[PDB]
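Data first, discussion second: the structure below is written as structure tokens.
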Amino acid sequence: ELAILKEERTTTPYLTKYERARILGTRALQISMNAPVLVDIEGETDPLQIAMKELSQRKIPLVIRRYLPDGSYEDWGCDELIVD
Amino acid sequence: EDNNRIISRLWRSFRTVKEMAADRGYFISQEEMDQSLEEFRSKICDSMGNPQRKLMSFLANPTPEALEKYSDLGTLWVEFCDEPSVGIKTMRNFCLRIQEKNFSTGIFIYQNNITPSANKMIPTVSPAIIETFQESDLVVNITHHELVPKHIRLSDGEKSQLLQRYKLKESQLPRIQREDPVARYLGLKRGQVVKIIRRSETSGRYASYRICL
Amino acid sequence: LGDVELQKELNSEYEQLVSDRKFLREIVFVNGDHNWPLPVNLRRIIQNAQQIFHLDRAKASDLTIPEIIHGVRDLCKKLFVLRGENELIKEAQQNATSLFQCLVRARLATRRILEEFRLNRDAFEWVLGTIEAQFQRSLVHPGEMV
Amino acid sequence: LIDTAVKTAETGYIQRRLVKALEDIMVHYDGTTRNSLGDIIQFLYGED
Amino acid sequence: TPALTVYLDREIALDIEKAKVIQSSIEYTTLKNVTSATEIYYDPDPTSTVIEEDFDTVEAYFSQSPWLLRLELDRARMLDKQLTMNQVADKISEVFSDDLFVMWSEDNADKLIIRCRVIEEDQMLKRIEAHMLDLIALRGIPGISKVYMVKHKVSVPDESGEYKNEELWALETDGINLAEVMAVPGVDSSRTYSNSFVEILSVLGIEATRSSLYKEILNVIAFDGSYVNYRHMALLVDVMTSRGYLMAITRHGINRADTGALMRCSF
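Residue numbers (the authors' numbering), protein chains in the order written: chain A, 71 to 154; chain B, 2 to 214; chain C, 921 to 1066; chain D, 825 to 872; chain E, 1115 to 1177, 1190 to 1245, 1258 to 1405.
Right under this line is the structure:
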């Protein structure tokens, strides 16, 4: 009804600064609550740095729902948005 | 002397009225466009030199392009009145004549003032449309000013396209007053959308859209 | 020397440049000012390309004219401020990047690329890709409290 | 000293009024600049 | 400080005498501006006089109420405004067509005088004198109290296409009347500008109002060499002109919007 098909998605293909900040915060909070970790944890123990490692390797299992001013929205998985 | 100045100002106002009509889409003969001050004085003035404002009143028909585009474009009547103050009498005659020959739009150019009692007949004369301008206002064509970019009224289909492209409602657009000098000059009715292309120092060119209230 | 099926492209380039000249002089900047804040510093890109690809010894350049012209033409059609196949979307996209396209074409001209900057093919491709990426990075993010 | 002591109140009032006037304006995912009512202020931010 | 910048037509814009004539045409002078001192004389007989200077003038002017007004016109004030006796007397008769009969001494006369007759009336004369001194115009646009002959270093392309400075006269003013000055012949009607953007809105529309608003804000900010990026002032002027009319940054502007009650109360 308000979801947009993956073909006519006309928002930016790039992760914005706010989306990146909130995604990292949410992933860090999740990992600090003994959530499973998708990357191989080698040296670092801080949940924020682990979340950054996951973000770089496109392994954060989250979805951004971008609301338009008319109420409709587009859904983008974190692994398909482009990270600078 | 001052007679020359009065005649020149009246001729400038007449040229502005013709430019207004042609801009709005009506066909005007190219020779009546280039009407010169002396030739105008020949065709209008008297032996005493004072001008008959009853000969300037002309009739304009829609150019075929402005008919294919603005399907709601009827036939235009333009009258320069002789009474400086205009009352309910003169408006009654004007409205009777406009409805009498099914003229869609009647422009009533006056000199001094149009009284509110007369002013009340302007909206009550459906389905015809009566607009008024003051001669002092028409001396300069303001659409030629450098700060006034070119306004182009959209058609119904293009207005719908504009609203759907932005997923917009009519009330969520920038707005223009019906009494705006460029809306007044263009004969904008409520709900019609002009497109305003203008200079942009950051991007070169920028298109703006306003809905007339 | 003497070719025609290439002089056509050279004339197309020069006519686009004259169009930009006329546009900027008569509509946008009538008083002649030509130093304006714009995204993506092209001077720095060109000099970085020279440093990275070692453009000394004025070596014979393997960068053909049609490839230069088509590279800049393709680049000008890859700077996306608005995405969508709509028609007003296309109009707004071209209105958005007209001044920046004027800049990119004033700098990456065929004579300038070949003589003034003496770029080879690698430095040229690097300049185009860097302009692409840095322009995509200069855009405002949705959510800004502007 | 009088200028420094006295003008700061007018300046702070001006900045408060500007902030209240422009506080609800955001760039949206379609590029437009709209207020809280959804009304368009600029069709593209900064026109570029 | 209201002010217009009246750009002249190019033929005028290079010549200085023509520009000064346009200045004279655009500037506002009233009968107050050229009058020294007014008297009231009892002159019982219109064909004779009790005075000793103007008897010869009216004996050369001949071959109603006995209340006379004898107003005097200083020399230099007439000289500087290109005004003579003929135009002034005509202007008085313009609004006192037939309820007043005007006598005027000649211009070379050792005393520059005007005499008028009404057609107990020692106070209607005073009322008429006050209304003349305070409402009779001579030439120019009302609302323009001063005009200046200013020089603008415009940069225009040469015949070789290269940009070169060019020295043009233009007019700056005290007061504002955009519509009437825009019409005056000799003025570039497409380039007259006002520092009051309310006037711009009333005359030129809302887009010109946005342009004028940006120009004023940029002037105020960039006065001291400060540089604010364009987009911020563009946003500020777009918020102020978005509804079709000028929205002030006040409660009277902000709180007349359609936003929620909690926002408006919070301000």
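A virtual CB, placed ideally from N, CA and C, is assigned to each residue, including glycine.
Is residue i buried or exposed, if buried means 16 or more other CB atoms sit within 10 Å of its CB?
i: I177/B; result: buried
i: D854/D; result: buried
i: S1327/E; result: buried
i: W12/B; result: buried
i: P182/B; result: buried
i: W956/C; result: exposed
i: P175/B; result: buried
i: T1143/E; result: buried
i: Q927/C; result: exposed
i: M21/B; result: buried
Can you pull the chain E residues whose beta carbon is under 7 angstroms from the beta carbon of residue i, in chain order?
i: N951/C; result: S1293
According to DSSP, is residue i helix, strand or coil?
i: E1310/E; result: strand
i: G107/B; result: strand
i: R1038/C; result: coil
i: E1007/C; result: helix
i: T1330/E; result: coil
i: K168/B; result: coil
i: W146/A; result: strand
i: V1319/E; result: helix
i: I1140/E; result: helix
i: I966/C; result: helix
i: residue 221/B; result: Nothing about residue 221/B can be read from this structure; chain B reaches only from 2 to 214.
i: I111/A; result: coil
i: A1151/E; result: strand
i: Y84/A; result: strand
i: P63/B; result: strand
i: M1065/C; result: coil
i: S37/B; result: coil
i: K1217/E; result: helix
Report the neighbours of residue i on chain C: residues whose CB is nearer than 8 angstroms to its CB, in chain order.
i: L861/D; result: Correct list: empty, because the minimum Cβ distance to chain C is about 16 angstroms.
Locate the beta strand (DSSP E) running through residue i, then write down its first and last residues.
i: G95/A; result: Element bounds for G95/A: not the beta strand (DSSP E) but the alpha helix (DSSP H), 87-102.
i: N5/B; result: Per DSSP, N5/B belongs to no beta strand (DSSP E); it is in the alpha helix (DSSP H), 3-25.
i: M1287/E; result: 1284-1295
i: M1229/E; result: 1227-1230
i: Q1208/E; result: From DSSP, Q1208/E is part of no beta strand (DSSP E); its letter is neither H nor E.
i: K196/B; result: 194-201
i: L1194/E; result: 1193-1198
If the cut is a Cβ gap below 8 angstroms, which residues of chain A does residue i touch?
i: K168/B; result: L138, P139, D140, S142
i: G1004/C; result: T80
Along chain C, which residues have their Cβ under 7 angstroms away from the Cβ of residue i?
i: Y869/D; result: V1060, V1066
In the DSSP assignment, find the alpha helix (DSSP H) that holds residue i and state where it starts and stops.
i: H1390/E; result: 1389-1392
i: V843/D; result: 826-846
i: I153/B; result: Counting along the chain, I153/B falls outside any alpha helix (DSSP H), though it belongs to the beta strand (DSSP E) covering 152-154.
i: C1022/C; result: 1018-1027
i: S932/C; result: 927-943
Which bits of chain D does residue i rub up against, with CB to CB less than 7 angstroms?
i: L174/B; result: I864
i: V1024/C; result: Per Cβ cutoff of 7 angstroms: no residues; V1024/C is ~14 angstroms from chain D at best.
Which chain C residues are close to residue i, counting only those with a beta carbon under 9 angstroms from its beta carbon?
i: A208/B; result: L1008, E1011, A1012, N1015
i: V851/D; result: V1060, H1061, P1062, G1063, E1064, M1065, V1066
When every heavy atom of the ligand SAH is checked, does at least one fall within less than 7 angstroms of the C-beta of residue i?
i: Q839/D; result: Looking at this structure, you won't find the ligand SAH or any other ligand, since it has none at all.
My understanding is that residue i touches residue j, with C-beta atoms under 8 angstroms, so please give their C-beta distance in whole angstroms.
i: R199/B; j: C213/B; result: Between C213/B and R199/B the Cβ distance is about 18 angstroms, and since that is not below 8 angstroms, they are no contact.
i: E80/B; j: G107/B; result: 7 angstroms
i: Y1156/E; j: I1165/E; result: About 11 angstroms; that fails the 8 angstroms criterion.
i: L1226/E; j: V1214/E; result: That pair is no contact at about 14 angstroms.
i: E202/B; j: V1066/C; result: The Cβ separation is near 18 angstroms, so there is no contact.
i: residue 217/B; j: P63/B; result: Since the displayed chain B opens at 2 and closes at 214, residue 217/B lies outside it and no answer follows.
i: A1317/E; j: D138/B; result: 7 angstroms
i: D1123/E; j: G1324/E; result: 6 angstroms
i: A1346/E; j: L148/B; result: 4 angstroms
i: residue 1/B; j: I864/D; result: Because chain B here runs from 2 to 214, residue 1/B falls outside it and cannot be looked at.
i: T91/B; j: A119/B; result: 7 angstroms
Name, please, each residue of chain D whose Cβ falls closer than 8 angstroms to the Cβ of residue i.
i: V1001/C; result: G855, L868, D872
Counting only Cβ pairs nearer than 7 angstroms, list the residues of chain A close to residue i.
i: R1031/C; result: Residues of chain A passing the Cβ test: none, with the nearest at roughly 35 angstroms.
If the cut is a Cβ gap below 9 angstroms, which residues of chain E does residue i touch?
i: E202/B; result: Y1368
i: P959/C; result: What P959/C touches in chain E: nothing, since even the nearest Cβ is about 12 angstroms away.
So with CB distances below 7 angstroms, who are the chain B contacts of residue i?
i: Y1383/E; result: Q178
Kindly list, in the order they appear in chain B, the residues whose Cβ is closer than 8 angstroms to that of residue i.
i: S1380/E; result: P175, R176
i: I1344/E; result: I177, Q178, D181, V183, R211
For a contact meaning CB atoms closer than 8 angstroms, what does residue i contact in chain E?
i: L214/B; result: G1382
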